[PDB]
Ligand SMILES: [Mg+2]
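Protein chains in written order, with the authors' numbering: chain A, 9 to 102, 119 to 806; chain B, 246 to 343; chain C, 344 to 489; chain D, 441 to 489; chain E, 6 to 245; chain F, 50 to 147.
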């Protein structure tokens, strides 16, 4: 029984790392939500499936269900009732125990088999064994708890709307469950019971607005271990609102279960409009954004083992959900459109109106002439022109070489996309002369392809043949150099094109990571580090002692992030102090500014530090200490001396170091880290178990474990990628990210271009030394 | 290849789905364009390529006073839409040609 | 931007670091080899009881877990083990409850595993003398490195 | 060589293989594995013949 | 979302700073401890791994170039072969590091043969630059794919930077160092070990000046002292 | 044979083409390398072989006349059916030469 005391004390020592914040009023409701989740999971098999939540006048909450009661048997190996085991024991490594520990009084009533049972807990310590009080004829379970006033400060009163919203959402998602919310302080009641499900969810949202068609699209299927439910409707607004869920957990950033929805909608609407001839009668072409105006939809999925980007959910990265949603949507939306013609007519009318409204926001663009089989029109032989003749609906791509050119040509859209290859690094027009620029070949080819003229005499910016120019180079540094050269050319020679906004930049990926059946694309090194951290912590739990519930995922992630930031900051300042000494100050007591003019404490502090350093040495170094006396302010500055490789060095810790921000950050991390792990602490990830003695050891073990079966692929250039990958990653208008170039200040831009791309070397060297060598030792730590 | 006839206007076009073995498509298109330019084949107005991820698709349009079958036969006779393959099976047996 | 003296000093510092690291590596390897050799030499003085214990064992895991159950008398290796002064040949990661405590030897799991992988041709006395020669050479090398 | 009359005669390589025998091969469980392999080898030889 | 505005100054600054830092730190400047650019170190390590020693048969250049490109150097193959060729020319290095078989150019301007003709192997002195490599004397880092390990610096017994020199062009800076003689550098190192407070004038008693593979005559003694004292200077070389 | 010796199986990671070409040139084929690379390229194109023997990664050309990328970009590995051509190679079923 003594182990239960250790667990409860461990929970109560640091409540914020198990339930959440304790002053804003978040965990105070999280406890109720956890109890309600347990009740709704249990009571799913009840005869009537009803849940009652009550707020009493004495600031207490009770949750009651009508399912099968908690078993009241006695474990042979424990000698106590199963209810006490559920409410107290950790249930091995890896959610009512925390609530019991953080509440100053909890009452439990279990009635089953025609009997009534009752027990009372005080601070997690039972007062008497479970006893029988009377005979009944029903089944159920009630839990009533008084939140403790020693841990929850500031806001200590429950609200009514916060519970109401979540309960209504749970009633919407779980069809056939009745939830009643009663209040006693003032007196209010509600009853959430909807058998429609997502249809009622869509009706509730699209209530204060004005729908334009009567029927609502809806379906619900299951392909292989995956369930999909979708419902949508159109209103007369100009907004988009899509809500996504995964195992009754909302995601605010979408994921893989939204792209398939969008793509299927676009394909189905475009196919229907093309087949019915509505597009031909008009003189417009629809796009994805026009379709998604005044739309309300809800998407929900059921997956056995979901995978997310972080520990706060908010994004789904499972790779086998997109096709599952898309195939069903494509199959069923056409059938929906075929049965009901009036809604189809109304929707296509609205979409046509929006598309025509977009068209009236352009300029006067005369038609161009495109290179073709029967006419070359005096255009370069390396150009792969498109078929669209309107310059406002055409795009041009610039690539480094022939391999990338072929890879892009094999995976483009021939209707309104063109490719123009280049040859290596291009001339720098900032250091060259006008005649030298004219004598070049690549520049001449680019000028001919653009068809605007040169020299600012016949240069007419109204002759541009493509209203979208996209720069797409490789993902390494040479691509950046070529991008800078092209930007310099465009800014120095054709300012009007940049001013009007006809220049874009593409973002191809650099890495591809695969583990099991999971795949993902990584842009640069920061995303690589984030991915490593995310996959390291998946399915991992930490116990601070032998019998203690595991810490929350968010707190562990925050600790890992802070530790990594501190480690990077320490690594950036290795040139001035030994790294081993800096890494040891985290676990040592903080030396305050007041404890510097008193003496007899600095001596003990430095002696303990030096003894600890000498204890763990494994490289042959020797540590000695000294105390410096200052006659000006009567201070006492510590001195540390070391001998490495037969060389003696001295590192003094002065007054400035104590008051600096680096030591402040180190102490801030230490305050959280000190005294956390007890003696018998263990870590586990999945099934593997490993006892640990330090945070660093556990982190290293997790990192090493997470790397089994991992594959990494690096793309030297665009010629190393398959055409389908390049299309779906960079060239598809539905799933691409680009940037538009603008000018903020002309004087600053001109000065920067002159400094960086000019002929003089000294200003460039000074700029590089100032920006790169310096300004990297950020001493803010805030 | 085949011929499709418009329901309303009555205009007819030729659609090519597959090409013979060891044939370059770009050279075939260039050869057809060169033949049309020098006025050696009559009855062609438009020519373009529309191959995509679905499959090969080459579109040829005829004039108002031409028959599609005659043009198709002329293309068979003059272009690489039909080629000859000569079978000659020679291999080494016991280190000897045979 | 440097001059001659800076380059010379950097080269000297690099040499110092390289030599120190190499010495540490060699010392660790020598200590591990000596630790293995001690256990190998001890087992040859109690051949018959070890053979009987192994034969009566049904599983090699059972033999391994029964080898580290009781202390083994030194016998004829007491003089050999006396030459090792203090903890010169003792690995730094070894707990104090192992090794020679009072006229008796306490084996570990690694040493027990090393015994089970002994060839039948090692019962010749020539290998017995080779063990002593290697032990003395290792002691001399450890002294020089220290 | 081999069995002649209630006796076995060894060769040089067979004697060499004996000197390279680990001590763990004297365990009771390790003894029974050889008899299992002998039958499989005989069956494979019969099938190949 | 699909379209996001960006200022031209930020993009230009970021891209140019990234390129400049990459070029300065990883392509053109040598290290002060071993005097090797990353390509030289990678080539030497790759040759060492294959067991292409100084007293064994030659190996074709194509195999070595392929191994280097496929395991350690993510760049083109022509530059690697050009780098390998220079390390075997007696008129380019004071102490050659690669032993070659075939046509490796000439001082008269002839170019080297294609890599499908020549063969190479390690030189005898090159083994002194990688001594005690397997005894945890240096640190190791990952390759571009994270599947291999590459040494961070060689544990050399030779002051290669002074005896072979260096030359390279970078963004905003450049380097130019002449070669020297081995015995004089060793004597200077011994003197420094003895004193560790010797002045520049004391060191010049053992190292009078540079030494070129093509002999010739150095005209004038000024410039040598200025270069040895500050780091920059100019000298004149005259034919015989 | 060189790809088999390198252990470049059908269910493992890809390898750079330059490494394979270098091994082939340096150990077995006393000829040029561009021809070897061109030979390797043809064995991976789906429009050239009825059953491909090499699995490729990257740009390997098209039927429109596009050329394959340089050998410093692409990666290759053995195909699944290629293991059936070299089955039981280590059981003394064929002869060996120098
Ligand atoms: Mg590149």
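Backbone N, C-alpha and C define an ideal beta-carbon position, used for all residues, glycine too.
beta-carbon residue 740 (chain A) near ligand 1 non-hydrogen atom, thresh 7 Å:
Along the first chain, read from residue 1 onward, the residue named residue 740 (chain A) stands at position 716. Yes - ligand 1 has a heavy atom lying nearer than 7 Å to the Cβ of residue 740 (chain A).
CA nearest to the CA of residue 351 (chain C), picked from E:121, E:129, E:39:
As a first step, residue 351 (chain C) must be located in the third chain, where it is residue number 8. Among E:121, E:129, E:39, the Cα nearest to that of residue 351 (chain C) is on E:39.
Is residue 500 (chain A) near ligand 1 - that is, is its Cβ less than 7 Å away from at least one heavy atom of it?
Residue mapping note: residue 500 (chain A) aligns to position 476 of the first chain, counting from 1. Residue 500 (chain A) Cβ: within cutoff of ligand 1.
With the cut-off set at 8 Å, would you say residue 10 (chain E) and residue 166 (chain E) are in Cβ contact?
Position 5 of the fifth chain, counted from the first residue, corresponds to residue 10 (chain E). Position 161 of the fifth chain, counted from the first residue, corresponds to residue 166 (chain E). In this structure, residue 166 (chain E) does not lie closer than 8 Å to residue 10 (chain E) by Cβ.
Ranges of the beta strand (DSSP E) found wholly within the segment 109-173 of chain E, counting only runs of at least 3
124-127, 145-147, 154-156
Select from the segment 384-399 of chain A all residues with a C-beta closer than 8 Å to any C-beta belonging to chain B, and list them in chain order.
396, 397, 398
For the segment 362-383 of chain C, which residues have a beta carbon sitting closer than 8 Å to at least one beta carbon of chain A?
363, 367
Distance between beta carbons of residue 685 (chain A) and residue 806 (chain A), contact taken as under 8 Å:
Translated into positions along the first chain, residue 806 (chain A) becomes position 782. Translated into positions along the first chain, residue 685 (chain A) becomes position 661. About 7 Å; that satisfies the 8 Å criterion.
Quickly, what does DSSP pair residue 244 (chain A) with across the bridge? List them, please.
To locate residue 244 (chain A), count along the first chain from 1; it is residue 220. The partner list for residue 244 (chain A) (beta bridge, DSSP) reads A:253.
Among the candidates E:232, E:176, E:195, E:205, whose CA atom is the shortest distance from the CA of residue 33 (chain E)?
The residue you call residue 33 (chain E) lines up with position 28 of the fifth chain. Ranking the options by Cα distance to residue 33 (chain E), first place goes to E:176.
Can you list the residues of chain A that residue 359 (chain C) reaches, using a CB-CB cut of under 7 Å?
In the third chain, the residue the question calls residue 359 (chain C) occupies position 16. Result: 669, 670.
Is there a Cβ from chain B that is less than 8 Å from the Cβ of residue 144 (chain F)?
Taking the first residue of the sixth chain as position 1, residue 144 (chain F) is located at position 95. Residue 144 (chain F) does not count as touching chain B.
List the residues of chain C that residue 644 (chain A) touches, going by C-beta distances under 8 Å, in chain order.
Locating residue 644 (chain A) in the first chain gives position 620, where the first residue counts as 1. Residues of chain C passing the Cβ test: 363, 367.
Identify which residue in F:87, F:81, F:110, F:74 has its Cα closest to the Cα of residue 95 (chain F).
Along the sixth chain, read from residue 1 onward, the residue named residue 95 (chain F) stands at position 46. For the residues F:87, F:81, F:110, F:74, the minimum Cα distance to residue 95 (chain F) belongs to F:110.
Which bits of chain B does residue 114 (chain A) rub up against, with CB to CB less than 9 Å?
Between 102 and 119, chain A has no modelled residues, and residue 114 (chain A) is one of the positions in that gap.
Helix, strand or coil at residue 211 (chain B) [DSSP, three-state]:
Because chain B is modelled from 246 through 343, residue 211 (chain B) falls outside the range shown and cannot be assessed.
What is the C-beta distance between residue 125 (chain A) and residue 154 (chain A), in whole angstroms, given that I count them as a contact (C-beta under 8 Å)?
In the first chain, counting from the first residue as 1, residue 125 (chain A) sits at position 101. In the first chain, counting from the first residue as 1, residue 154 (chain A) sits at position 130. That belief does not hold up - the Cβ atoms of residue 125 (chain A) and residue 154 (chain A) are roughly 19 Å apart, past 8 Å.
Contacting positions in the segment 99-131 of chain F - beta carbon closer than 7 Å to chain B
112, 113, 114
Measure how close the beta-carbons of residue 727 (chain A) and residue 604 (chain A) come, nearest whole angstrom, since I'm counting them as under 8 Å.
Along the first chain, read from residue 1 onward, the residue named residue 727 (chain A) stands at position 703. Along the first chain, read from residue 1 onward, the residue named residue 604 (chain A) stands at position 580. The pair is not a contact, with the Cβ atoms about 21 Å apart (cut-off 8 Å).
Determine the DSSP secondary structure at residue 88 (chain E), reduced to helix, strand or coil.
One-based indexing of the fifth chain puts residue 88 (chain E) at position 83. Reduced to three states, the DSSP call for residue 88 (chain E) is helix.
Is DSSP giving residue 586 (chain A) helix, strand or coil here?
Counting from 1 along the first chain, the entry for residue 586 (chain A) is found at position 562. Helix at residue 586 (chain A).
Between the Cα of residue 20 (chain E) and the Cα atoms of A:500, A:436, A:431, which residue gives the shortest distance?
As a position in the fifth chain, residue 20 (chain E) is number 15, starting the count at 1. Answer by Cα proximity: A:500.
Host alpha helix (DSSP H) of residue 262 (chain A) (start-end)
Here residue 262 (chain A) corresponds to residue number 238 of the first chain, with the count starting at 1. No alpha helix (DSSP H) holds residue 262 (chain A); DSSP gives it neither H nor E.
Here's the rule: buried if 16 or more other CB atoms are within 10 angstroms of the residue's CB, otherwise exposed. What is residue 183 (chain E)?
In the fifth chain, residue 183 (chain E) corresponds to position 178, counting from 1. Buried, because 16 or more other Cβ atoms sit within 10 Å of the Cβ of residue 183 (chain E).
Stretch pair the segment 513-533 of chain A + the segment 431-438 of chain A: three plus CB contacts closer than 8 Å:
no
Closest to residue 296 (chain B) by C-alpha separation, out of B:308, B:283, B:251, B:271, would be which residue?
Looking up residue 296 (chain B) in the second chain gives position 51. Nearest C-alpha to residue 296 (chain B): B:271.
Where residue 281 (chain A) sits in the DSSP three-state scheme
Mapped onto the first chain, residue 281 (chain A) falls at position 257. The answer is helix: DSSP assigns residue 281 (chain A) an H, G or I state.
CB contact below 8 Å: residue 270 (chain B) versus chain F:
Locating residue 270 (chain B) in the second chain gives position 25, where the first residue counts as 1. Judged by the 8 Å Cβ criterion, residue 270 (chain B) is in contact with chain F.
If you follow the beta strand (DSSP E) that residue 116 (chain A) is part of, which residue opens it and which one closes it?
This structure gives no coordinates for residue 116 (chain A). The numbering of chain A moves from 102 immediately to 119.
Does residue 441 (chain C) come out as helix, strand or coil in the three-state DSSP assignment?
In the third chain, counting from the first residue as 1, residue 441 (chain C) sits at position 98. Here residue 441 (chain C) sits in coil by DSSP.
With distances taken from CA atoms, which of A:127, A:33, A:89 is nearest residue 173 (chain A)?
Locating residue 173 (chain A) in the first chain gives position 149, where the first residue counts as 1. It is A:127 whose Cα lies nearest to the Cα of residue 173 (chain A).
Give the straight-line distance between the Cα atoms of residue 304 (chain A) and residue 298 (chain A), rounded to the nearest whole angstrom.
Taking the first residue of the first chain as position 1, residue 304 (chain A) is located at position 280. Taking the first residue of the first chain as position 1, residue 298 (chain A) is located at position 274. The alpha-carbon atoms of residue 304 (chain A) and residue 298 (chain A) are separated by roughly 8 Å.
Pick helix, strand or coil for residue 194 (chain E), following the three-state DSSP scheme.
The sequence position of residue 194 (chain E) within the fifth chain is 189, counting from 1. Residue 194 (chain E) falls in the helix class under three-state DSSP.
Does any residue of chain A have a CB that is nearer than 8 Å to the CB of residue 260 (chain B)?
For the purposes of this step, residue 260 (chain B) is taken as residue 15 along the second chain, with counting starting at 1. Judged by the 8 Å Cβ criterion, residue 260 (chain B) is not in contact with chain A.
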